[PDB]
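Single chain ahead, written as structure tokens, the form solved without ligand PHU.
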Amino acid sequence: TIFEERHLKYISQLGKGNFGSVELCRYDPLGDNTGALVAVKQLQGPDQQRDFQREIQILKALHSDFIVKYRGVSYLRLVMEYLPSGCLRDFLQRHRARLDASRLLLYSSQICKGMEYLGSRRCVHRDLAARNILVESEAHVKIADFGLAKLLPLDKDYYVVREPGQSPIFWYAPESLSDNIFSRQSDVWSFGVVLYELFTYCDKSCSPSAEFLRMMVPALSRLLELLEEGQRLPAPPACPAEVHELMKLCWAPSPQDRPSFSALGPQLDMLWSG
């Protein structure tokens, strides 16, 4: 669980995003190109470093088949398993022809259990989106990107963030947009949007962005008015009705009226079997 920097050998960039990068490296103590591939996160500020230390301790404490696996650290860097299939967003866009409704329901279920495990750990993810879900195998996904994750204090069930969110606005719960309030129930909001991503196969032309522009002053405020009015994303083409109903349930105006991940899971399992 401790990796010497000199044995970690740079290959390429996997991702870039707010103050950090993920790289493909080979952990290669023999120096001969035979070592295992790992994904390595690092920062590129005094506070981001503190947040980074917290992100590591959170992921180190997580153990689930549906959460990207922590491998160790190097001292400054976070070492993780490397999933060559990349993110679900690109996987969906590429393998559209092979993934039927069941597969999509299998993914949904797997993400759901993962989120149920996070909630049980008192962890709010804050950035659930298909781009942050990694693909382990054609029938297995894992939640990643804990850079924004917060631990809820025992006394509270919500968290308030001082500075504005830097992710696409179309994934945020209304109370996050208006008051910077994040909770396990704002995660359920974002999960509804992830479901929408799965059943559109993250098609760009019917993405949240594209759909918002079609429904029509600051964009953040417009989106708020639309959601306040009860406007919502439409059923993805060929989307099963029961699955769309689940989205709308995740998109309940008030966080208390959104179902828990533990309630959702059973329902997704039944639809998967249905």
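For every residue, the number given is its place in the sequence shown, counted from 1.
As for the form deposited with ligand PHU bound, it is not shown, yet the points below apply to it.
The partner is absent here; in the deposited complex, the one residue of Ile58, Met215, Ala235, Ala219 having a heavy atom within 4.5 Å of ligand PHU is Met215. When you look in the deposited complex, the only residue of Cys112, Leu106, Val193, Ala149 with a non-hydrogen atom within 4.5 Å of ligand PHU is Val193. When ligand PHU is considered in the deposited complex, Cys239 lies well away from it, no heavy atom lying within 4.5 Å. Interface membership of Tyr159, defined by any non-hydrogen atom within 4.5 Å of ligand PHU in the deposited complex, is ruled out.
Looking at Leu62, you'd find every heavy atom of it more than 4.5 angstroms from ligand PHU in the deposited complex. In the deposited complex, no heavy atom of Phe261 sits within 4.5 Å of ligand PHU.
Three-residue candidate spot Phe170, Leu223 and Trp251; every residue lies within 4.5 angstroms of ligand PHU in the deposited complex by at least one non-hydrogen atom. If you take 173 to 210 and check each residue for a heavy atom within 4.5 Å of ligand PHU in the deposited complex, you get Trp189, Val193, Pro208, in sequence order.
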